[PDB]
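Ideal geometry is used to build each Cβ from the backbone, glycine not excepted, and the neighbour counts take in all protein chains shown. Bear in mind that the values in this text are calculations on the coordinates, not laboratory data.
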Amino acid sequence: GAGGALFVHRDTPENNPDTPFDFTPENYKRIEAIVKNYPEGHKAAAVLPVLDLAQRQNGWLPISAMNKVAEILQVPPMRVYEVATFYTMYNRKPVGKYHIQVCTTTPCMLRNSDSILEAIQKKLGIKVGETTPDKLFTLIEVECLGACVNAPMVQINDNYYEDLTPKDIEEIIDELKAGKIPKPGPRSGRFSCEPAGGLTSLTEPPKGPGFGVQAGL
Amino acid sequence: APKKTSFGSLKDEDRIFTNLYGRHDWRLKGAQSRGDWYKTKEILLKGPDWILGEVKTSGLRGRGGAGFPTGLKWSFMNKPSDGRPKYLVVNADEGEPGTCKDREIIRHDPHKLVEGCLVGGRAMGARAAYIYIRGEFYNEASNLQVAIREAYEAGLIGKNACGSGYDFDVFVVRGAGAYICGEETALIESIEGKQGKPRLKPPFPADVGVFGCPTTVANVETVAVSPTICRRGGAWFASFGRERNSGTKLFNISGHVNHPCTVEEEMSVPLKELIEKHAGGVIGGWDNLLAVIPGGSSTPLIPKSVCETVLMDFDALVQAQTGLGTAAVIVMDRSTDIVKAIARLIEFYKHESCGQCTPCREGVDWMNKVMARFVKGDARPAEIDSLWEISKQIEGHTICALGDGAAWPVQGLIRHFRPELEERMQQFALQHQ
Amino acid sequence: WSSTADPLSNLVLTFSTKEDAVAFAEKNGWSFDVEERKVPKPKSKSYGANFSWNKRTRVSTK
Ligand SMILES: NC(=O)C1=CN([C@@H]2O[C@H](COP(=O)(O)OP(=O)(O)OC[C@H]3O[C@@H](n4cnc5c(N)ncnc54)[C@H](O)[C@@H]3O)[C@@H](O)[C@H]2O)C=CC1
Ligand SMILES: Cc1cc2nc3c(=O)[nH]c(=O)nc-3n(C[C@H](O)[C@H](O)[C@H](O)COP(=O)(O)O)c2cc1C
Ligand code: SF4
Ligand code: FES
């Protein structure tokens, strides 16, 4: 429905142009490598990755980070603001340690993603789009994540957890807040996009380099 | 017996993506074991004209979803140089709901994609390849980068790729959560550091593309099948499927099926055979089927009566008023609220519209509100016709095809399930005086 | 209120050509000033120039 997030920035004690932000020397080396991937006359093309890098260092993107990215790449700050507000993966507000994203589009909705959403809500005691008091977990609804075959699915900190049941997501949350790393992927003895039982295709061993190459080649 | 008339059963020896399920090593050693990077030097030295001719005689059509003939599109870039560099852009955004094929291609055999990038760049005379991978596919992008690193150390790409004397680079660029960035021009704009807003055509990318240079945007499946087509010949690829519907295809069957999965199958396989053979059949039996969306959210849905004999290719699905799209089959059984499903798709399109042009930006939101009211039943039957007209005012009037992809699902729902909407409005009126 | 004393303050006449207006003014005894018609000059528009490889016409936003 409604987005709920504003696209106007108002200066705040913890979000203002004087908020401290600076890349680390290692991140500066990574930025240099990023910029070296584009033609010499087009350095603005590096806006999308470098901005992402800033978030990967900070967790979110204060207005100071956008200003720093604009200064580094010699791009006007309004262009960086445009990019930061256009793309939904950019966090213009602090989020929890683990960002939980539940796909609710029709393919996942058909396989009961509502049960996963309700189980997460009950386990964490927070509404969608709200961050726990502890701040480790943040929950939001996302569109199709490209894993509709393994549905219902969840993305936590660029990790995919698939074939979820309420118990599966409860255990994932329990071992996430216990300091452990859950195994990403499906949770039905499947571990890929193959059929759940039988392996109807690709059972014979694959063949070698020159199996069916044409003549005169 | 020439001119086969029944399709839908090809054995493993004729399958291109032999590591679809990730049961073998995705690294360089496994790829070479399965026939990847074999005799690429000879193919490169055959020249761009030979490669373009093989792609043309193969009958390969764009696997992104539009089905444009690939040979002609790639030969659009066969002009003499004018000073600007030439580029190949591989589309790996994968935003269409129901579609999961390119993720498996990227993560389980990225070397096929890299070799296809090299072959396509040679055919187009491109200096380098840019792969625009979806920002949410972090592990897949990392696997692709590892494969690219292995190819770079093996001499298969870079300075003097193989022993052909051809210089070629591959770069991976990640998006940040935008479905519209799957459109080729919006993808180019996102690469250049701008918002993912499509640009008008003409000019086409072959004339003015990324950085204002000639470029070709191709789907990852289209790029990845090309080296196999070159090695085995265009005739072998054209032997499968009907005329003008050649080759094999990846299918993602999801929704109300016993075993949702991703498979590789001949093109013109009937939908019922595919569903009951690879997906374990519809949940509750074939008689429990209500509707099928055959080619992703942008294609109109078809009722069970049409799915009994329809074939899974471009022409047959066009004659069924539904299109093939990305070959992402979404199955809805008789327990499905079809209105709620279509309204959820319209909500997805409302959240994915880039907002550039008036018809999409305003009308998609308008149809979202109308469908939300349709779900409850607040509306009156006349509004249905109004909704139809509204969709007609969006389709064919926008910059890009996202407006069409939002207009078509409501058109299908109205075409095939109008009595459901009417009876919902009747029940709402009778319940609320 | 705004008061005037001249009766021609609202008189505006329409003519098809400049020569017609000149003839009317001359036959009515009025001395006149003629200004030549200003027509906007044709311009060269190119949507592709928004994305130039090496020119300054490439736009930073859309
Ligand atoms: N793979 C995915 O995740 C998604 C796929 N789609 C599919 O995208 C399809 C529509 O996309 P469009 O690009 O707008 O279709 P299109 O027909 O306008 O273009 C398809 C390709 O053909 C080229 N082309 C077409 N006409 C040309 C000409 N006269 N000269 C030079 N080149 C030409 C274009 O450059 C383009 O690359 C839809 O059918 C949809 O199924 C939509 C959303 C997501
Ligand atoms: C809104 C929209 C989103 C799209 N997203 C993708 C995508 O994610 N991946 C893709 O391969 N094509 C996508 N397409 C279709 C592209 O135009 C297509 O990739 C491009 O034409 C490549 O052509 P090909 O299929 O011949 O390789 C999208 C089209 C539209 C209108
Ligand atoms: S149709 Fe929608 S997504 Fe496409 S350019 Fe117009 S507003 Fe943007
Ligand atoms: S619909 Fe959920 S991953 Fe695509």
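The residues listed here are A:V142, A:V128; of these, the one that is in contact (Cβ under 8 Å) with a residue 12 or more places away in the chain, closer than 18 Å to A:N91 by Cβ and more than 12 Å from ligand 4 (Cβ to nearest atom) is A:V128. For region B:6-55, a tally of residues being over 20 Å from B:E221 (Cα atoms), more than 26 Å from the chain's Cα centre (by Cα) and assigned to a loop (DSSP other than H, G, I, E, B) returns 3. Note on region B:244-278: residues that are assigned to a loop (DSSP other than H, G, I, E, B), without any contact (Cβ under 8 Å) to a residue 60 or more places away in the chain and away from every other protein chain (no Cβ under 12 Å) amount to 0. Out of B:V119, B:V90, one residue alone is of a type in the set (V, I, T), under 12 Å from B:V220 (Cα atoms) and either surrounded by 24 or more Cβ atoms within 10 Å (Cβ to Cβ) or away from ligand 2 (no atom under 12 Å from the Cβ) (or both). It is B:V90. In summary, B:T185 fulfils each of the numbered conditions (1) more than 8 Å from every other protein chain (Cβ to nearest Cβ); (2) within 12 Å of ligand 3 (Cβ to nearest atom); (3) over 17 Å from B:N219 (Cα atoms) with the single exception of condition (3). Residues of region A:162-180 include none that is touching a residue at least 40 places away in the same chain (Cβ under 8 Å) and within 13 Å of another protein chain (Cβ to nearest Cβ). Count, please, the residues in region B:38-64 that happen to be within 25 Å of B:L144 (Cβ to Cβ), surrounded by fewer than 21 Cβ atoms within 10 Å (Cβ to Cβ) and within 12 Å of chain A (Cβ to nearest Cβ). Count: 3.
B:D378 meets all of the listed conditions (1) away from ligand 3 (no atom under 16 Å from the Cβ); (2) acidic (D, E); (3) crowded, with 18+ Cβ neighbours inside 10 Å but one, namely (3).
Conditions (1) out of contact with any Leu (no Cβ under 7 Å at 6 or more places or on another chain); (2) surrounded by fewer than 11 Cβ atoms within 10 Å (Cβ to Cβ); (3) within 14 Å of chain B (Cβ to nearest Cβ), marked per residue:
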| position | (1), (2), (3) |
| --- | --- |
| C:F15 | yes, no, no |
| C:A23 | yes, no, no |
| C:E26 | yes, no, no |
| C:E35 | yes, yes, no |
| C:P40 | yes, yes, no |
| C:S46 | yes, yes, yes |
| C:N50 | yes, no, yes |
| C:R58 | yes, no, yes |
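Taking the criterion of being among the acidic types (D, E) and within 8 Å of chain B (Cβ to nearest Cβ), the only residue of region A:130-150 that qualifies is A:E143. Note on region B:381-431: among residues that are of a type in the set (A, V, I, L, M, F, W, C) and within 16 Å of ligand 2 (Cβ to nearest atom), the one that is nearest to B:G363 (Cα to Cα) is B:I394.
Criterion applied to B:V370, B:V364 was being among the β-branched types (V, I, T), within 16 Å of ligand 1 (Cβ to nearest atom) and within 27 Å of A:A5 (Cα to Cα), and the one residue passing it is B:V364.
If you go through region B:98-146 and keep only what is acidic (D, E) and more than 16 Å from ligand 4 (Cβ to nearest atom), you end up with B:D109, B:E115. Can you tell me which residue is farthest from the other protein chains (Cβ to nearest Cβ) among those in region B:90-99 that are within 10 Å of ligand 1 (Cβ to nearest atom) and not small (G, A, S)? Among those residues, the one meeting the criterion is B:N91.
Close contacts from region A:77-99, counting a first residue that is more than 7 Å from every other protein chain (Cβ to nearest Cβ) and a second that is polar (S, T, N, Q) and in a helix (DSSP H, G or I), with Cβ to Cβ under 6 Å and a gap of 6+ residues or different chains, come to A:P77/A:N67.
Scanning region B:112-148 for residues that are part of a strand (DSSP E or B) and touching a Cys at 6+ places or on another chain (Cβ under 8 Å) gives B:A129, B:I131, B:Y132.
When B:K340 is tested against the conditions (1) in a loop (DSSP other than H, G, I, E, B); (2) on the phi < 0 side of the Ramachandran plot, the lone failure is (1).
The residue of region B:205-224 that is nearest to the other protein chains (Cβ to nearest Cβ), among those that are in contact with a helix residue (DSSP H, G or I) (Cβ under 7 Å, 6 or more places away or on another chain) and assigned to a helix (DSSP H, G or I), is B:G212. Scanning region A:38-71 for residues that are of a type in the set (G, A, S) and either in a helix (DSSP H, G or I) or touching a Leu at 6+ places or on another chain (Cβ under 8 Å) (or both) turns up A:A44, A:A45, A:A46, A:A54, A:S64, A:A65, A:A70. In region A:110-129, the qualifying residues are those that are under 23 Å from B:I293 (Cβ atoms), over 20 Å from the mean Cα position of the chain (by Cα) and surrounded by 15 or more Cβ atoms within 10 Å (Cβ to Cβ), and the one that is farthest from the other protein chains (Cβ to nearest Cβ) is A:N112. Residues in region A:1-37 that are touching a strand residue (DSSP E or B) at 6+ places or on another chain (Cβ under 8 Å) and assigned to a helix (DSSP H, G or I): 0 in all.
Being in a helix (DSSP H, G or I) and within 12 Å of ligand 1 (Cβ to nearest atom) is the filter; apply it to region B:174-193 and report the residue that is farthest from B:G209 (Cα to Cα). Among those that are in a helix (DSSP H, G or I) and within 12 Å of ligand 1 (Cβ to nearest atom), it is B:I180. The set of residues in region A:72-91 being assigned to a helix (DSSP H, G or I), surrounded by 17 or more Cβ atoms within 10 Å (Cβ to Cβ) and of a type outside the set (D, E) consists of A:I72, A:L73, A:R79, A:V80, A:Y81, A:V83, A:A84, A:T85, A:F86. Right, B:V146: surrounded by 23 or more Cβ atoms within 10 Å (Cβ to Cβ) and away from every other protein chain (no Cβ under 13 Å) or not? Answer is no for this residue. Within region B:67-80, if we keep just the residues that are buried (at least 16 other Cβ atoms within 10 Å of the Cβ) and in a loop (DSSP other than H, G, I, E, B), the residue that is nearest to the other protein chains (Cβ to nearest Cβ) turns out to be B:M77. Taken together, B:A316, B:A327, B:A291, B:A320 contain a single residue that is surrounded by fewer than 24 Cβ atoms within 10 Å (Cβ to Cβ) and either within 16 Å of ligand 4 (Cβ to nearest atom) or in contact (Cβ under 8 Å) with a residue 40 or more places away in the chain (or both), which is B:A316. Considering only residues in region B:191-204 that are touching a residue at least 40 places away in the same chain (Cβ under 8 Å) and away from ligand 3 (no atom under 16 Å from the Cβ), the one that is nearest to B:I180 (Cα to Cα) turns out to be B:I191.
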